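Laid out below as structure tokens are two forms of one and the same protein chain, each shown alone and named structure 1 and structure 2.
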Structure 1
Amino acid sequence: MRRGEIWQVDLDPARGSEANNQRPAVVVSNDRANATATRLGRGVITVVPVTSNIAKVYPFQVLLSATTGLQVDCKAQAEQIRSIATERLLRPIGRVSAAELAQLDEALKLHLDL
């Protein structure tokens, strides 16, 4: 997996307002860590869960447009950031645009006070 790619991930079981079920997520961990996790068969990668509920788009969230990829308009929730074992990766879906990824970088900086 690579940073910017959209993957179907298994987030269950989730507690409280943690994003649940099997849903798309954007890889945001750097590619050196991603490359290290793949071949070794261990380690974690970091992803940003995605939701179809787009009634509100907070500044720490990024609107993703449906393309081949996501079938409906969605928003990436940087506040839902989560490091997961690679075995949670189910399906490759596609990748966000460079514009969407650049926005996600800013959303992550904002959320993590970086």
Structure 2
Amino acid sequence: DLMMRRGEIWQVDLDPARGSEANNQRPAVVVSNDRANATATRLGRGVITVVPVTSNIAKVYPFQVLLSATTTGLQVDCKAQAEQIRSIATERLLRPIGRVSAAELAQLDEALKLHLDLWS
């Protein structure tokens, strides 16, 4: 029951021009709070905040979280990059994929707190 909410993974368009412009097409985890998200869904339009996700695992940093294909619905194992967090218009949402596990979501909260210096 994906409803465009926090922790959900959506395929989004991150190209400035969009249209027939190829690539910059990435999965992303919604990290904006669900009062904002629910408002955007009620209005049919809004500005959400997402963490881009990449299939290029490479070197994993403490501000990134490993997301498993077994739970997320992604085709391959991926990595959420909290250091790439960005707000986008809901027009750039393309397709719901699934959501991160509760453990993955907890560690994404950690990674966000680290990247944004919000550890207390």
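Rigid core (definition): largest C-alpha set, two forms, superposition within 1.5 Å. Structure 1's sequence is the ruler for residue numbers, which start at 1.
Q: Quick one: once the rigid core is lined up, does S17 have its C-alpha move by 2 Å or more between structures 1 and 2?
A: Yes, the C-alpha position differs by at least 2 Å between structures 1 and 2.
Q: Core-aligned, does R42 move its Cα 2 Å or more between structures 1 and 2?
A: Comparing forms between structures 1 and 2, the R42 CA shifts at least 2 Å.
Q: Relative to the superposed core, report the C-alpha shift of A55 between structures 1 and 2 in angstrom.
A: On core superposition, this C-alpha lies 1.6 Å from its counterpart.
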